[PDB]
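A.B. asks: Attaching a single structure in structure tokens format; questions to follow.
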Amino acid sequence: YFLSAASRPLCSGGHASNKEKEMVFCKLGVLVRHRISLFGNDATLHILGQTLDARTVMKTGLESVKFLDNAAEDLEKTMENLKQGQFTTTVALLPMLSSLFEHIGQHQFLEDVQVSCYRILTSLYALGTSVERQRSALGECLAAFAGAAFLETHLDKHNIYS
């Protein structure tokens with residue numbers, strides 16, 4: 001309740017502190033905390049701003065393969081990010097693209113990262129319903145691999161250039 005509003009930054013800090021060592025067995029606990037918050041933030045951006053970057057730090061900590069529950073839970077992390085995005089100026093400009101880019105780094109190496117980027121990109125249009133370095137990278141990553149079947153990554157990166 002109210003203690004949830006006072007501990008939402010503490011929950012984001014707990015996820016940030018324990019989500020870097022998910023590669024070495026709390027990797028399923030990160031997906032449990034994202035899934036328990038999926039309906040949790042659906043009944044409740046200062047708390048969303050730290051949590052949108054904690055998962056990017058997790059995706060950056062062991063990004064060479066992005067240690068089994070931290071990899072296949074990416075479509076859970078992006079859907080929970082959309083559920084926190086549709087149910088949500090200084091801490092939000094540059095950091096808002098790094099999570100989608102940490103997803104998109106292995107979208108054709110695989111396409112679950114592209115489904116993550118597509119499901120996170122429409123949450124931006126829904127949040128804007130109620131882009132300096134982000135657009136050209138998605139346009140290039142859609143142009144160089146439009147025939148990689150990568151039509152999923154095509155629809156994921158064409159909806160990031162608008």
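Scheme for the structure tokens: letters A, B, ... for chains in order shown; per-chain residue numbers from 1; ligand numbers from 1 in order shown.
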Name the residues in contact with range 132-140 of chain A at a cut-off of 8 Å, using only C-alpha atoms, excluding same-chain residues fewer than 4 positions from it; report them as an NGL selection string.
C.D. replies: :A and (97 or 144 or 157-158 or 160-162)
A.B. asks: Put those residues in a file: N, CA and C atoms, as an mmCIF file, in the first residue's frame.
C.D. replies:
```cif
data_model
loop_
_atom_site.group_PDB
_atom_site.id
_atom_site.type_symbol
_atom_site.label_atom_id
_atom_site.label_comp_id
_atom_site.auth_asym_id
_atom_site.auth_seq_id
_atom_site.Cartn_x
_atom_site.Cartn_y
_atom_site.Cartn_z
ATOM 1 N N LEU A 97 16.386 4.678 -23.904
ATOM 2 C CA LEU A 97 16.746 3.918 -25.095
ATOM 3 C C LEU A 97 17.745 2.804 -24.818
ATOM 4 N N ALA A 144 19.987 -3.538 -42.739
ATOM 5 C CA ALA A 144 21.048 -4.498 -43.015
ATOM 6 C C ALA A 144 20.615 -5.943 -42.822
ATOM 7 N N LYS A 157 11.939 -2.936 -35.592
ATOM 8 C CA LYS A 157 12.823 -1.800 -35.783
ATOM 9 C C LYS A 157 12.267 -0.745 -36.732
ATOM 10 N N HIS A 158 11.206 -1.051 -37.484
ATOM 11 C CA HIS A 158 10.506 -0.026 -38.249
ATOM 12 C C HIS A 158 9.576 0.817 -37.386
ATOM 13 N N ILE A 160 10.462 1.871 -34.506
ATOM 14 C CA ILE A 160 11.361 2.597 -33.618
ATOM 15 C C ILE A 160 11.944 3.786 -34.371
ATOM 16 N N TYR A 161 11.504 3.974 -35.620
ATOM 17 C CA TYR A 161 11.917 5.094 -36.457
ATOM 18 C C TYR A 161 10.773 6.059 -36.757
ATOM 19 N N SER A 162 9.880 6.286 -35.799
ATOM 20 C CA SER A 162 8.748 7.180 -35.999
ATOM 21 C C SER A 162 8.653 8.198 -34.873
#
```
A.B. asks: Residues near residue 32 in chain A, anyone? I mean within 10 Å using only C-alpha atoms, not counting same-chain ones fewer than 5 positions away, as an MDAnalysis selection string.
C.D. replies: chainID A and resid 26:27 37:38 73 76:77
A.B. asks: For CA of residue 127 in chain A and CA of residue 87 in chain A, determine how far apart the two atoms are, in Å to one decimal place.
C.D. replies: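 Taking CA of residue 127 in chain A as the start and CA of residue 87 in chain A as the end point, the length is 8.4 Å.
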A.B. asks: Kindly indicate which residue among A:45, A:91, A:58, A:96 lies nearest to residue 22 in chain A, using only C-alpha atoms for the distances.
C.D. replies: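 Residue with the minimum atom-to-atom distance to residue 22 in chain A: A:58.
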A.B. asks: Which is closest to residue 68 in chain A among A:95, A:105, A:29, A:49, if we use only C-alpha atoms?
C.D. replies: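 Of A:95, A:105, A:29, A:49, the one nearest residue 68 in chain A, counting only C-alpha atoms, is A:29.
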A.B. asks: Rank A:66, A:46, A:103, A:33 by their smallest atom-to-atom distance to residue 15 in chain A, using only C-alpha atoms, and report the top residue only.
C.D. replies: A:33
A.B. asks: Extract, using only C-alpha atoms, all DNA, RNA and protein residues at most 9 Å from residue 88 in chain A, discarding same-chain residues fewer than 3 positions from it, and format them as a list in words.
C.D. replies: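 Here the answer would be residues 41, 42, 44, 45, 48, 83, 84, 85 and 127 of chain A.
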A.B. asks: Write out as a list in words which residues come within 10 Å of residue 10 in chain A when counting only C-alpha atoms, dropping same-chain ones fewer than 6 positions away.
C.D. replies: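 Here the qualifying residues turn out to be residues 4, 16 and 47 of chain A.
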A.B. asks: Using only C-alpha atoms, which protein or nucleic acid residues come within 7 Å of residue 28 in chain A? Drop anything in the same chain fewer than 3 positions from it, and give the result as a PyMOL selection string.
C.D. replies: chain A and resi 31-32+69-70
A.B. asks: When DSSP is applied to the backbone of this structure, which of chain A are assigned helix (DSSP H, G or I)? Write them out as an MDAnalysis selection string.
C.D. replies: chainID A and resid 2:18 27:36 41:43 46:61 74:86 98:104 112:129 134:143 151:158
A.B. asks: Those same residues, written as a CSV table (one decimal), in the first residue's frame with C-alpha atoms?
C.D. replies:
```csv
chain,number,residue,atom,x,y,z
A,2,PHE,CA,1.6,3.2,1.2
A,3,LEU,CA,4.7,1.3,2.4
A,4,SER,CA,4.7,-0.2,-1.2
A,5,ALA,CA,5.0,3.4,-2.4
A,6,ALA,CA,7.8,4.1,0.1
A,7,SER,CA,9.6,0.8,-0.7
A,8,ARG,CA,9.1,0.9,-4.5
A,9,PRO,CA,12.5,2.6,-4.8
A,10,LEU,CA,13.9,0.0,-2.3
A,11,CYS,CA,12.4,-2.7,-4.5
A,12,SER,CA,14.0,-1.2,-7.6
A,13,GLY,CA,17.3,-1.0,-5.7
A,14,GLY,CA,17.0,-4.6,-4.6
A,15,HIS,CA,16.4,-5.6,-8.2
A,16,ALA,CA,19.3,-3.5,-9.3
A,17,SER,CA,21.7,-4.9,-6.7
A,18,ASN,CA,20.7,-8.6,-7.2
A,27,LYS,CA,18.0,-15.4,-12.1
A,28,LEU,CA,14.5,-16.8,-11.7
A,29,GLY,CA,13.9,-14.4,-8.8
A,30,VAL,CA,14.4,-11.5,-11.2
A,31,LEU,CA,11.7,-12.9,-13.5
A,32,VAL,CA,9.5,-13.5,-10.4
A,33,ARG,CA,9.9,-9.9,-9.3
A,34,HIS,CA,9.1,-8.7,-12.8
A,35,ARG,CA,6.0,-10.9,-13.0
A,36,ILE,CA,4.8,-10.1,-9.5
A,41,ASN,CA,2.1,-1.8,-11.2
A,42,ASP,CA,-1.1,-2.5,-13.1
A,43,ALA,CA,-3.0,-1.4,-9.9
A,46,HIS,CA,9.7,8.0,-10.2
A,47,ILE,CA,9.6,4.3,-9.3
A,48,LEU,CA,9.5,3.3,-13.0
A,49,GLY,CA,12.5,5.4,-13.9
A,50,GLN,CA,14.9,3.4,-11.7
A,51,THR,CA,13.4,0.1,-12.7
A,52,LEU,CA,13.7,0.8,-16.4
A,53,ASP,CA,17.4,1.2,-15.9
A,54,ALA,CA,18.1,-1.6,-13.4
A,55,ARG,CA,17.0,-4.2,-16.0
A,56,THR,CA,19.3,-2.5,-18.6
A,57,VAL,CA,22.1,-2.9,-16.1
A,58,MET,CA,21.2,-6.6,-15.8
A,59,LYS,CA,21.2,-6.9,-19.6
A,60,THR,CA,24.6,-5.2,-19.7
A,61,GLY,CA,26.2,-7.3,-17.0
A,74,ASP,CA,13.5,-11.5,-21.7
A,75,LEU,CA,10.0,-11.6,-23.2
A,76,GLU,CA,8.7,-11.5,-19.6
A,77,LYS,CA,10.9,-8.5,-18.8
A,78,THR,CA,9.8,-6.5,-21.9
A,79,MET,CA,6.1,-7.3,-21.4
A,80,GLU,CA,6.4,-6.3,-17.7
A,81,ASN,CA,8.2,-3.1,-18.9
A,82,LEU,CA,5.2,-2.4,-21.2
A,83,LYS,CA,2.8,-3.1,-18.4
A,84,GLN,CA,4.8,-0.6,-16.2
A,85,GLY,CA,4.9,1.8,-19.2
A,86,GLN,CA,1.2,1.9,-20.1
A,98,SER,CA,19.5,1.9,-23.4
A,99,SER,CA,17.2,-0.9,-22.2
A,100,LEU,CA,15.7,-1.4,-25.7
A,101,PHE,CA,19.2,-1.2,-27.2
A,102,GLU,CA,20.5,-3.8,-24.7
A,103,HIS,CA,17.6,-6.0,-25.9
A,104,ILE,CA,18.3,-5.2,-29.6
A,112,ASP,CA,13.2,-13.1,-28.9
A,113,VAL,CA,15.2,-9.9,-28.4
A,114,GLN,CA,13.4,-8.5,-31.4
A,115,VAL,CA,10.0,-9.5,-30.0
A,116,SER,CA,11.1,-7.8,-26.8
A,117,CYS,CA,12.0,-4.6,-28.7
A,118,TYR,CA,8.7,-4.7,-30.6
A,119,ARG,CA,6.7,-5.1,-27.4
A,120,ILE,CA,8.6,-2.3,-25.7
A,121,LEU,CA,8.3,0.1,-28.7
A,122,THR,CA,4.5,0.1,-28.8
A,123,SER,CA,4.5,0.9,-25.0
A,124,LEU,CA,6.3,4.2,-26.0
A,125,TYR,CA,3.5,5.0,-28.5
A,126,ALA,CA,0.8,4.2,-25.9
A,127,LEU,CA,2.5,6.3,-23.3
A,128,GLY,CA,2.9,9.2,-25.7
A,129,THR,CA,-0.8,8.7,-26.5
A,134,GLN,CA,17.7,5.9,-31.2
A,135,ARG,CA,16.1,6.2,-34.7
A,136,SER,CA,19.0,5.8,-37.1
A,137,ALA,CA,20.3,2.7,-35.2
A,138,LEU,CA,17.0,1.0,-35.6
A,139,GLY,CA,16.7,2.0,-39.2
A,140,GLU,CA,20.2,0.6,-39.9
A,141,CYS,CA,19.5,-2.6,-38.0
A,142,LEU,CA,16.3,-3.1,-40.0
A,143,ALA,CA,18.0,-2.2,-43.3
A,151,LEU,CA,10.3,-9.8,-40.6
A,152,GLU,CA,9.8,-9.8,-36.8
A,153,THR,CA,12.9,-7.7,-36.3
A,154,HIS,CA,11.7,-5.7,-39.3
A,155,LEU,CA,8.4,-4.8,-37.6
A,156,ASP,CA,10.3,-4.3,-34.4
A,157,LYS,CA,12.8,-1.8,-35.8
A,158,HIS,CA,10.5,0.0,-38.2
```
A.B. asks: As an exercise, work out the distance from CA of residue 24 in chain A to CA of residue 62 in chain A in Å and give it to one decimal place.
C.D. replies: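 Here the two named atoms are 9.6 Å from each other.
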A.B. asks: Give me, please, the distance in Å between CA of residue 63 in chain A and CA of residue 94 in chain A, quoted to one decimal.
C.D. replies: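 Taking CA of residue 63 in chain A as the start and CA of residue 94 in chain A as the end point, the length is 19.7 Å.
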